[PDB]
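Written below as structure tokens is the structure these notes are about.
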Amino acid sequence: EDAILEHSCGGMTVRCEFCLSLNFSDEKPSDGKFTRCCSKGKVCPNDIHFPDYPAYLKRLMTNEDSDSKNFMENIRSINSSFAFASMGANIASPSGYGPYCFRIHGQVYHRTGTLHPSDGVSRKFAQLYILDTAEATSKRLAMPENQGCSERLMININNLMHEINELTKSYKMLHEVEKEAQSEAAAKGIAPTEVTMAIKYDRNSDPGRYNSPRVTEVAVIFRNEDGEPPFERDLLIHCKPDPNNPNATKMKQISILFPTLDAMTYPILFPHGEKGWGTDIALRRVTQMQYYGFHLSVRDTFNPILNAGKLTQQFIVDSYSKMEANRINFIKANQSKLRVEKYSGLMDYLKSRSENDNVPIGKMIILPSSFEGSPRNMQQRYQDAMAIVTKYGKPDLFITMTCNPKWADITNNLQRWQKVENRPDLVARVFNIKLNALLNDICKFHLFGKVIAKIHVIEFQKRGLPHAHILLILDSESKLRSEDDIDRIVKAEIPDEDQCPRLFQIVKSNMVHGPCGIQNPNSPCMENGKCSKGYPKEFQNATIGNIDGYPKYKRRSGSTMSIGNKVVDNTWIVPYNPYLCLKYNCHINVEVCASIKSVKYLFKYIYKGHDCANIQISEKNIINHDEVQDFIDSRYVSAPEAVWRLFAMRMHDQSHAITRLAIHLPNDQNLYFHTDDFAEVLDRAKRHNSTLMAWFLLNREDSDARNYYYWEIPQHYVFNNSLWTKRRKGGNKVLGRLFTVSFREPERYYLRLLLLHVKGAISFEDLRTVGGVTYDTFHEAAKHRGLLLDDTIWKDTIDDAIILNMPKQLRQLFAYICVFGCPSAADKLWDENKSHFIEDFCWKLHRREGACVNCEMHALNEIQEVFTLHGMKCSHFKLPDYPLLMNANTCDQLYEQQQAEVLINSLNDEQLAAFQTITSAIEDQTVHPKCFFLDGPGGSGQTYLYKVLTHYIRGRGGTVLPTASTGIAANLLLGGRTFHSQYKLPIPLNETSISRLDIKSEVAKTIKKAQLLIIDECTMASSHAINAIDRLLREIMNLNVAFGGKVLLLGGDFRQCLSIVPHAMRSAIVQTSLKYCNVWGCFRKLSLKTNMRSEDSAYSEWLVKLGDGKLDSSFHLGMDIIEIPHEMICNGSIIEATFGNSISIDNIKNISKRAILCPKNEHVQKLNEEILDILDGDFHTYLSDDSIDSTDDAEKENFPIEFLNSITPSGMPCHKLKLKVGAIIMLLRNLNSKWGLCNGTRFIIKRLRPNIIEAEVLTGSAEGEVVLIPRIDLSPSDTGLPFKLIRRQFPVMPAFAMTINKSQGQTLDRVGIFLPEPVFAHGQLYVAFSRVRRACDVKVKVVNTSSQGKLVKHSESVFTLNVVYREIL
DNA sequence: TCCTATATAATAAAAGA
Ligand SMILES: [Zn+2]
């Protein structure tokens, strides 16, 4: 009403003294000098006379001239025609002959390979194109109504350009060059060709509106590995021929950093030439951002850059691509190589340093790239956002705001000739002034109560309108716990027209409807559903009960208004707040979050880079109707985003910054040193102090610091130059976090516990000292303080095993408990029960109770084997230590040679050919990249080659080092190890990832000697992991050739499901795969598609077709629709058919192989319960104890134990496990991969007792050994959850039914697929069908729904969706 | 919206109330 007045910017009256520049009053900085317009007084024009803009072009740009309308419509084409330089593009040529240059979207482009390099080697060039987006007018353009600039206009501009432009004499215009290319083509008879670009639209857009001419009309499409804009692009200059000298070359190449590129590329914007602003005239030398900043500003004198219609959009989008690429490359080029080594190691090396010895010291570290989109930067932002939630608790309010193009402030400023779409600068500046005002109201004015913490991220839509998502964590006093509070903040109904007319109009247009969420929300094909026909229903109450985990607000039926000749009721009014909507006239949606799980989904807004789209380029021939089509997946940048990034405007803001503290052993710190300056490091080392060491000094000299614990010191002090100083500026609170340390180093784990609970430590000695008595080790000190976990559960588990009387298993149980579970005192258990553990060894070696030596040693050695695989040693656990024995893997050379000869004879013809190529490469002495990828359907053929190759190489005396991506795959291969263990790659795997293996370590020597390295499942391996293997191999060898010139055999099948990513769309997922990595070019493909099926050869052929998406028989009914063979479909209950009518303890072994597969985990849990009920037996309930590892005692209050019990994150055991004798169970942890236990290893329960479960292995090498599985501590694999849940439960899950993606490696004799809803991934259906060898053994049941079931109404046949991404295969 | 392989340790740079 009168009280609420719309926010007014106040006009552009204010101007800076240093330079004339019209700026809004709010934008003025505190100092009084505007940074963007002139960098204070630092930026000034050079003293060169500035020519006036030519009159004829100015009259055309304004509407005054008669032919002005035509000029504005064709500005993109006219500018390109008179330009002196061109951009290269790669397009396939029909008939093998193409014109030298072709026109795409109104800009001249030249085929890659038009200029052949004098060196004779052609650099790879990334592809960047400018796309018009609104090519709906192509049909009118094709029609000869005008669409030629009227001819007279072209002649008049051409005459003006020659008279006023000096460059014309030196360089020919593109329009003349294009004619010459056509003339050469005409003589050869090469046909004229037309090139067109199309975008497959994404499902995210404003409802019913996309690609609006008003929202955007120009964009850059670019493809690069990490989404960074490409530095290397091809620009070719055509030079007018000189009669005097034939030496001059017509084609020369200029890089993105050529000095006068701007004047050459865009002639209309700078007509006079390389004079005035076209030449370098910025003074006091000026960075690229500063130059663009000066030009894109509004001043009284006419500015060509902001008043040129479509060209203005192209200039801004092209300039952002050039500026970002130049900054990223310059920073990377000017980077010193850095190496990190511990202080103890460097000092030891220096004392024993060999004179004149060149040895690399330490591990290489690669510093992060500047671009925000790069993976490492994004991961840090997510971790920082997560800790604000952990400390301040669950978020209370989520608010989203979107720009309105018809806002009064944007319209009044625009001059009559300009249109909102043509000028991007005003939209970005007005939005920033408004967002800052709303942000201030919420926090500075305490709107919606006191706000403690805030996170805000701005993302641009395909239309290009900017929208910002804000999350607010309120203080405890104002937290919303009542229906009365929820109603005042959020309202979901149409306002009374008489009571509040202005509000009624704002709600009527901005928030009238929400797109119905039925497969496609934006598409208006569901016209009825699009407006007022959506999920919300008349609840009639605030009901903040989290029924579905989302509160449902009050909606009352019976109120409706007329919009677009339609009636929309209270069913669909997006939740809106009155004061905010009245003040800023734009769509503001306020929603309340009442579940911590709701944030888990919402936090993913901060994980994106640029918008992702799919573009297909087609070349067509007029003479004959021949078209060639190619598919490119590339990032998209709109014009409004580019102006936002070019100016210094923030895209992410967090209220509290985070400082990371360090936990280090007493003599080991971290020093980072440049490789060349080794001598300086020795002097610098004494001075360097890490955060922990500094804390000791602050305690020694300051009384006040004693009160705070080590974790809280960052909040009250700041670190500069290796010292801590008090902070008196009232600066942004910094939270402070301590990292988590793993049990692999026991002392460091004990140190973390002491720092968390001990305060006022003068020096390391004080931390160990407790109650006036020093203790020799950190572990002893912790026990006396009493901050250690109880070991009662472990003692009981060991006692039960002794009663069982099976000795070998008891020794294994001790190893599994110590490595995975954390035992405070392992030594005590071993000493008390030593006789029971070593009883078997005593009986065989020394008859009955004989007295001899090494009986204990033999027992300890068996336990040590499990420790070696995980990397721990017996000394760490304080067990008695005996020196390790030595054995040789190669064994008999004669035996390996004889076995190899027989295997070679049985190989198939395609297989034999592969053996010959791999053997030849090992013999060849030339230094050339030697990487081979073995393709072909996943199956028996690939494994047999690995066996024959290993035998042949061992026979010649060389060594092979087999490794595999998954634990189950590793068990099959001899001596299998997970590739993440062999090369010790970091678990997050960001772009800057380096292997932790030491160059001089014994393991490194083994990799150097090995002739061949084999990876069983490349499909699972991500691009980052393959890159890290390349760096380590290059470092160990002296060569710089890819992969150290070592033969590699990364066999894999790409039809199977790709590696899961936390959030991505089709365009995002394809780029991270091995195919889009740079090293892929060197790889040479060997094909092994010969099919090896014991029976039902027809079934194998059908599987390949489903995987390749070649089945198009029913595609006519719908896209991606296939028909299952009739015999397989089963109306009857899938449980009865797949597992058999009879399920009993007596016959469980016969039906053990069979299993049921379902797409979503929820359905799987329901099926498992029913089968368990039918089985005879008595239910035993094993409960679990769950805790959150935390740096703060209060953090536990925010997430209560009752909440932790309910959550069951993927890859973790259930809180309440119900199991009965004869059930099938699957291990969820690798444990001992070599012996047989793995990520699968399904077992049949034999006996169940408290604290111990006895099972028999149904799959893998063990095949029937009896293993006892103890409780172990399991932690969530994903980092999405804010807290780290440590839950101890038997690592087991009921396994009668498994999700399709958990069954990639298992082989099942009979399988039944139950599909409640259609599949949603890369290889989902293919994996489910592939498990069974023959067609008769698959039974499928489909539930009828909108997209699946009997799609033809009169046809009794069932159709299901098959999803395959064509680009990956 | 969903699905979840591996399973240990986490960067050099100035400046404000
Ligand atoms: Zn200025």
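Residues in the structure tokens are numbered from 1 in each chain, the chains being A, B, ... in the order shown, and ligands are numbered from 1 in the order shown.
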Checklist entry - Once you count only C-alpha atoms (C1' of nucleotides) and all ligand atoms, which residues end up within 10 Å of ligand 1, and could you hand them over as a PyMOL selection string? => result chain A and resi 15-23+33-44+294+297+299
Dump of N, CA, C and O atoms for the selected residues, as a CSV table (one decimal), in the first residue's frame:
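Output contents, as saved in out_26.csv:
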```
chain,number,residue,atom,x,y,z
A,15,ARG,N,28.4,11.6,-11.3
A,15,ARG,CA,29.5,11.4,-12.2
A,15,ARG,C,30.9,11.5,-11.5
A,15,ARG,O,31.0,12.4,-10.6
A,16,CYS,N,31.9,10.7,-11.8
A,16,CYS,CA,33.2,10.8,-11.2
A,16,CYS,C,34.0,12.0,-11.7
A,16,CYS,O,33.8,12.4,-12.8
A,17,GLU,N,34.8,12.6,-10.8
A,17,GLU,CA,35.6,13.8,-11.1
A,17,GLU,C,36.7,13.4,-12.2
A,17,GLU,O,36.9,14.2,-13.1
A,18,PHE,N,37.3,12.3,-12.0
A,18,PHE,CA,38.5,12.0,-12.9
A,18,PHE,C,38.1,11.8,-14.3
A,18,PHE,O,38.8,12.4,-15.2
A,19,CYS,N,37.0,11.1,-14.6
A,19,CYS,CA,36.5,10.9,-16.0
A,19,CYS,C,35.0,11.1,-16.0
A,19,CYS,O,34.4,10.8,-15.0
A,20,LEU,N,34.5,11.6,-17.2
A,20,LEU,CA,33.0,11.7,-17.2
A,20,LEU,C,32.4,10.2,-17.3
A,20,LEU,O,32.9,9.5,-18.2
A,21,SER,N,31.5,9.9,-16.4
A,21,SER,CA,30.9,8.5,-16.4
A,21,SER,C,29.6,8.5,-15.6
A,21,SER,O,29.7,8.9,-14.4
A,22,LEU,N,28.5,8.2,-16.2
A,22,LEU,CA,27.2,8.3,-15.5
A,22,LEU,C,27.0,7.0,-14.6
A,22,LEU,O,27.1,5.9,-15.2
A,23,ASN,N,26.9,7.2,-13.3
A,23,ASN,CA,26.8,6.0,-12.4
A,23,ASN,C,25.6,6.2,-11.4
A,23,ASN,O,25.4,7.4,-11.1
A,33,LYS,N,35.6,7.4,-5.2
A,33,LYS,CA,36.1,7.1,-6.5
A,33,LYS,C,35.5,5.8,-7.1
A,33,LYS,O,35.7,4.8,-6.4
A,34,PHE,N,34.9,5.9,-8.3
A,34,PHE,CA,34.2,4.6,-8.8
A,34,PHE,C,35.3,3.7,-9.4
A,34,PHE,O,36.0,4.2,-10.3
A,35,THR,N,35.4,2.5,-8.9
A,35,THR,CA,36.5,1.6,-9.4
A,35,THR,C,36.4,1.2,-10.9
A,35,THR,O,37.4,1.3,-11.6
A,36,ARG,N,35.2,0.8,-11.3
A,36,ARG,CA,35.0,0.2,-12.7
A,36,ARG,C,35.3,1.3,-13.8
A,36,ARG,O,36.0,0.9,-14.8
A,37,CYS,N,34.8,2.5,-13.7
A,37,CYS,CA,34.8,3.4,-14.8
A,37,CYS,C,36.3,3.8,-15.2
A,37,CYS,O,36.6,3.8,-16.4
A,38,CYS,N,37.1,4.2,-14.2
A,38,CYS,CA,38.5,4.7,-14.6
A,38,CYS,C,39.5,4.2,-13.6
A,38,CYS,O,40.6,4.7,-13.6
A,39,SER,N,39.3,3.1,-12.8
A,39,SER,CA,40.3,2.6,-11.8
A,39,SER,C,40.8,3.8,-11.0
A,39,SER,O,42.0,4.1,-11.1
A,40,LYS,N,39.9,4.6,-10.4
A,40,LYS,CA,40.3,5.8,-9.7
A,40,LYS,C,40.8,6.8,-10.8
A,40,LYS,O,40.1,7.0,-11.8
A,41,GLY,N,42.0,7.3,-10.6
A,41,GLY,CA,42.6,8.2,-11.7
A,41,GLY,C,43.6,7.4,-12.5
A,41,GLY,O,44.3,8.0,-13.4
A,42,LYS,N,43.8,6.1,-12.2
A,42,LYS,CA,44.9,5.3,-12.8
A,42,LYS,C,44.8,5.2,-14.3
A,42,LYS,O,45.8,5.0,-15.0
A,43,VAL,N,43.5,5.2,-14.9
A,43,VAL,CA,43.4,5.0,-16.3
A,43,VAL,C,43.1,6.3,-17.0
A,43,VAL,O,42.1,7.0,-16.6
A,44,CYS,N,43.9,6.7,-18.0
A,44,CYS,CA,43.7,7.9,-18.8
A,44,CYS,C,44.0,7.7,-20.2
A,44,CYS,O,44.8,6.8,-20.6
A,294,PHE,N,36.9,0.1,-19.4
A,294,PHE,CA,36.7,1.6,-19.8
A,294,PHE,C,35.7,1.7,-20.9
A,294,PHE,O,34.9,2.6,-20.9
A,297,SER,N,31.1,1.4,-20.7
A,297,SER,CA,30.5,2.3,-19.7
A,297,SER,C,29.7,3.4,-20.4
A,297,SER,O,30.0,3.7,-21.5
A,299,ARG,N,28.6,7.1,-21.2
A,299,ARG,CA,29.1,8.5,-21.1
A,299,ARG,C,28.4,9.4,-22.1
A,299,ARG,O,27.7,8.9,-23.0
```
Item to check | Which of range 28-202 of chain A DSSP labels strand (DSSP E or B), written as a ChimeraX atom specification | outcome: /A:44-45,85-89,101-104,107-111,128-131,171,193-200
Store the residues picked out above, limited to N, CA, C and O atoms, as a short mmCIF file (atom, residue, chain, number, x, y, z; two decimals), in the first residue's frame.
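Result file follows (again_12.cif):
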```
data_model
loop_
_atom_site.label_atom_id
_atom_site.label_comp_id
_atom_site.auth_asym_id
_atom_site.auth_seq_id
_atom_site.Cartn_x
_atom_site.Cartn_y
_atom_site.Cartn_z
N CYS A 44 43.89 6.68 -18.01
CA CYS A 44 43.68 7.95 -18.76
C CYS A 44 43.96 7.71 -20.24
O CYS A 44 44.76 6.82 -20.55
N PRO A 45 43.31 8.44 -21.18
CA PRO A 45 43.61 8.31 -22.61
C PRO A 45 45.01 8.83 -22.99
O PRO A 45 45.43 9.81 -22.42
N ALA A 85 39.97 -10.47 -40.64
CA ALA A 85 40.51 -11.73 -40.09
C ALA A 85 39.38 -12.74 -39.89
O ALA A 85 38.24 -12.29 -39.75
N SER A 86 39.67 -14.04 -39.87
CA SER A 86 38.58 -15.06 -39.81
C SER A 86 38.89 -16.13 -38.78
O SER A 86 40.07 -16.32 -38.47
N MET A 87 37.86 -16.83 -38.29
CA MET A 87 38.06 -17.88 -37.25
C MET A 87 37.85 -19.27 -37.85
O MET A 87 36.87 -19.46 -38.57
N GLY A 88 38.76 -20.20 -37.57
CA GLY A 88 38.70 -21.56 -38.14
C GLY A 88 37.64 -22.45 -37.53
O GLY A 88 37.33 -22.25 -36.34
N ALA A 89 37.12 -23.41 -38.30
CA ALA A 89 36.15 -24.40 -37.77
C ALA A 89 36.43 -25.75 -38.43
O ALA A 89 36.91 -25.75 -39.58
N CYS A 101 36.43 -21.51 -47.75
CA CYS A 101 35.70 -20.90 -46.60
C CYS A 101 34.19 -21.12 -46.76
O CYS A 101 33.70 -21.06 -47.90
N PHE A 102 33.48 -21.34 -45.65
CA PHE A 102 32.01 -21.55 -45.69
C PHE A 102 31.36 -20.59 -44.69
O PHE A 102 32.06 -20.19 -43.74
N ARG A 103 30.10 -20.21 -44.89
CA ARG A 103 29.49 -19.20 -43.98
C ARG A 103 28.56 -19.91 -43.00
O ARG A 103 27.61 -20.56 -43.46
N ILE A 104 28.81 -19.77 -41.70
CA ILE A 104 27.89 -20.36 -40.68
C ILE A 104 27.28 -19.23 -39.86
O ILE A 104 28.06 -18.42 -39.32
N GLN A 107 28.61 -15.38 -40.05
CA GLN A 107 30.04 -15.01 -39.88
C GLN A 107 30.89 -15.94 -40.74
O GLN A 107 30.62 -17.15 -40.73
N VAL A 108 31.85 -15.40 -41.51
CA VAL A 108 32.69 -16.25 -42.41
C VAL A 108 33.56 -17.16 -41.55
O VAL A 108 34.14 -16.66 -40.58
N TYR A 109 33.67 -18.44 -41.89
CA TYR A 109 34.53 -19.39 -41.15
C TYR A 109 35.40 -20.13 -42.18
O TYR A 109 34.99 -20.21 -43.34
N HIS A 110 36.57 -20.63 -41.77
CA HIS A 110 37.49 -21.33 -42.72
C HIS A 110 37.75 -22.76 -42.24
O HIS A 110 37.85 -22.95 -41.02
N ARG A 111 37.82 -23.73 -43.15
CA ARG A 111 37.98 -25.15 -42.75
C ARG A 111 39.33 -25.33 -42.06
O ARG A 111 40.31 -24.71 -42.52
N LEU A 128 35.61 -23.19 -30.78
CA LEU A 128 34.73 -22.15 -30.19
C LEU A 128 33.95 -21.51 -31.34
O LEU A 128 34.60 -21.03 -32.28
N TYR A 129 32.62 -21.50 -31.26
CA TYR A 129 31.77 -20.92 -32.34
C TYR A 129 30.83 -19.88 -31.72
O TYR A 129 30.54 -20.02 -30.52
N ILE A 130 30.39 -18.88 -32.48
CA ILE A 130 29.38 -17.91 -31.96
C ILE A 130 28.04 -18.37 -32.53
O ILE A 130 27.97 -18.50 -33.76
N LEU A 131 27.03 -18.62 -31.70
CA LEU A 131 25.75 -19.21 -32.19
C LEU A 131 24.61 -18.19 -32.03
O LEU A 131 24.48 -17.64 -30.93
N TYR A 171 45.52 -5.23 -45.95
CA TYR A 171 44.83 -6.54 -45.83
C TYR A 171 43.47 -6.53 -46.53
O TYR A 171 42.72 -5.56 -46.35
N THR A 193 27.89 -25.31 -50.79
CA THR A 193 27.39 -26.01 -49.58
C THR A 193 26.82 -25.02 -48.55
O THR A 193 27.30 -23.87 -48.53
N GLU A 194 25.85 -25.46 -47.74
CA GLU A 194 25.26 -24.59 -46.68
C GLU A 194 25.46 -25.28 -45.33
O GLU A 194 25.16 -26.48 -45.24
N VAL A 195 25.96 -24.56 -44.32
CA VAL A 195 26.25 -25.18 -42.99
C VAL A 195 25.27 -24.62 -41.97
O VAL A 195 25.08 -23.40 -41.96
N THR A 196 24.64 -25.47 -41.15
CA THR A 196 23.65 -25.01 -40.16
C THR A 196 23.95 -25.62 -38.79
O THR A 196 24.46 -26.75 -38.77
N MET A 197 23.66 -24.90 -37.71
CA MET A 197 23.97 -25.38 -36.34
C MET A 197 22.68 -25.48 -35.53
O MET A 197 21.89 -24.53 -35.56
N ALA A 198 22.49 -26.59 -34.82
CA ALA A 198 21.25 -26.81 -34.06
C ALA A 198 21.58 -27.16 -32.61
O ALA A 198 22.62 -27.80 -32.38
N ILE A 199 20.73 -26.75 -31.67
CA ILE A 199 20.95 -27.06 -30.23
C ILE A 199 19.82 -27.98 -29.75
O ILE A 199 18.66 -27.62 -29.98
N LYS A 200 20.15 -29.11 -29.12
CA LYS A 200 19.06 -29.95 -28.54
C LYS A 200 18.70 -29.28 -27.22
O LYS A 200 19.60 -29.18 -26.36
#
```
Next on the checklist: Excluding range 252-255 of chain A and its own-chain neighbours fewer than 2 positions away, which residues fall within 6 Å of it when counting only C-alpha atoms (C1' of nucleotides)? Please give them as a PyMOL selection string.
Outcome noted: chain A and resi 235-237+257-258
Next on the checklist: Please report the interatomic distance between CA of residue 632 in chain A and CA of residue 611 in chain A in Å with one decimal.
Outcome noted: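 Result for CA of residue 632 in chain A versus CA of residue 611 in chain A: 14.5 Å, one decimal.
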Next on the checklist: Show me, as a ChimeraX atom specification, the residues of chain A whose atoms get within 8 Å of chain B, using only C-alpha atoms (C1' of nucleotides) for the distance check.
Outcome noted: /A:365-368,672,729-730,739,741-742,965-966,978,980,986-987,1020,1059-1060,1160,1210-1211,1277,1301,1320-1321
Using N, CA and C atoms, can you export the residues from the last selection as a CSV table (one decimal), in the first residue's frame?
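Full text of out-v3.csv as output:
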```csv
chain,number,residue,atom,x,y,z
A,365,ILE,N,54.0,-31.1,-6.4
A,365,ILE,CA,52.6,-30.7,-6.1
A,365,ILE,C,52.2,-29.7,-7.2
A,366,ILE,N,51.0,-29.8,-7.7
A,366,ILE,CA,50.5,-28.8,-8.8
A,366,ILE,C,49.6,-27.8,-8.2
A,367,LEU,N,49.8,-26.5,-8.3
A,367,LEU,CA,49.0,-25.5,-7.7
A,367,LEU,C,47.6,-25.3,-8.4
A,368,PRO,N,46.5,-24.9,-7.7
A,368,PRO,CA,45.2,-24.8,-8.3
A,368,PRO,C,45.1,-23.7,-9.4
A,672,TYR,N,57.4,-26.2,1.8
A,672,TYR,CA,57.3,-26.2,0.3
A,672,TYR,C,58.4,-25.4,-0.3
A,729,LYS,N,39.9,-5.9,14.6
A,729,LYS,CA,39.1,-5.2,13.5
A,729,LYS,C,37.7,-5.6,13.5
A,730,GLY,N,37.2,-6.5,14.4
A,730,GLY,CA,35.9,-7.0,14.2
A,730,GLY,C,35.7,-7.6,12.9
A,739,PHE,N,41.4,-31.3,10.6
A,739,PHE,CA,41.2,-32.4,9.6
A,739,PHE,C,41.0,-33.7,10.4
A,741,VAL,N,42.3,-37.7,11.0
A,741,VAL,CA,43.5,-38.5,10.7
A,741,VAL,C,43.1,-40.0,10.7
A,742,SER,N,43.7,-40.8,9.9
A,742,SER,CA,43.3,-42.2,9.8
A,742,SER,C,44.2,-43.1,10.7
A,965,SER,N,40.2,-52.1,-11.4
A,965,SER,CA,39.4,-51.1,-10.8
A,965,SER,C,38.6,-51.5,-9.6
A,966,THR,N,37.9,-52.7,-9.7
A,966,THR,CA,37.0,-53.2,-8.6
A,966,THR,C,37.7,-54.4,-7.9
A,978,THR,N,43.7,-53.7,-6.2
A,978,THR,CA,42.9,-52.5,-6.7
A,978,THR,C,43.9,-51.5,-7.2
A,980,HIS,N,43.7,-48.4,-7.1
A,980,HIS,CA,43.8,-47.2,-6.1
A,980,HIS,C,44.8,-47.6,-5.1
A,986,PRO,N,45.1,-40.4,-4.6
A,986,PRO,CA,44.2,-39.8,-3.5
A,986,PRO,C,42.7,-40.1,-3.8
A,987,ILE,N,41.9,-40.3,-2.7
A,987,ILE,CA,40.5,-40.8,-2.9
A,987,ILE,C,39.6,-39.7,-3.5
A,1020,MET,N,35.2,-48.0,-15.4
A,1020,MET,CA,35.1,-47.4,-14.1
A,1020,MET,C,36.1,-46.2,-13.9
A,1059,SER,N,30.9,-44.4,-14.4
A,1059,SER,CA,31.2,-44.0,-13.0
A,1059,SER,C,30.1,-43.0,-12.5
A,1060,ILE,N,29.5,-43.3,-11.4
A,1060,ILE,CA,28.4,-42.4,-10.9
A,1060,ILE,C,29.1,-41.1,-10.4
A,1160,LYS,N,15.5,-49.3,-8.2
A,1160,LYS,CA,15.6,-48.3,-7.0
A,1160,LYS,C,15.8,-49.1,-5.7
A,1210,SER,N,24.0,-44.7,1.3
A,1210,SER,CA,24.4,-45.8,0.4
A,1210,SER,C,25.7,-46.4,0.8
A,1211,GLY,N,25.8,-47.7,0.7
A,1211,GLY,CA,27.1,-48.4,1.1
A,1211,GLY,C,27.3,-48.5,2.6
A,1277,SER,N,30.5,-43.4,2.4
A,1277,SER,CA,31.4,-43.2,1.3
A,1277,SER,C,31.2,-41.7,0.7
A,1301,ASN,N,22.8,-51.7,-10.4
A,1301,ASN,CA,24.2,-51.2,-10.5
A,1301,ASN,C,25.1,-51.8,-9.4
A,1320,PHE,N,17.0,-45.2,-15.6
A,1320,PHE,CA,17.3,-43.8,-15.7
A,1320,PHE,C,18.9,-43.6,-15.7
A,1321,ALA,N,19.6,-44.3,-16.6
A,1321,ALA,CA,21.1,-44.2,-16.6
A,1321,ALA,C,21.7,-44.6,-17.9
```
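Going from CA of residue 302 in chain A to CA of residue 406 in chain A covers 25.1 Å.
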Item to check | DSSP alpha helix (DSSP H) residues within range 784-869 of chain A, as an MDAnalysis selection string | outcome: chainID A and resid 784:785 792:804 807:820 826:832 834:845 855:869
Checklist entry - If we count only C-alpha atoms (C1' of nucleotides), what is near residue 1135 in chain A at a cut-off of 8 Å, once residues fewer than 5 positions away on the same chain are taken out, given as a PyMOL selection string? => result chain A and resi 1140+1156+1171
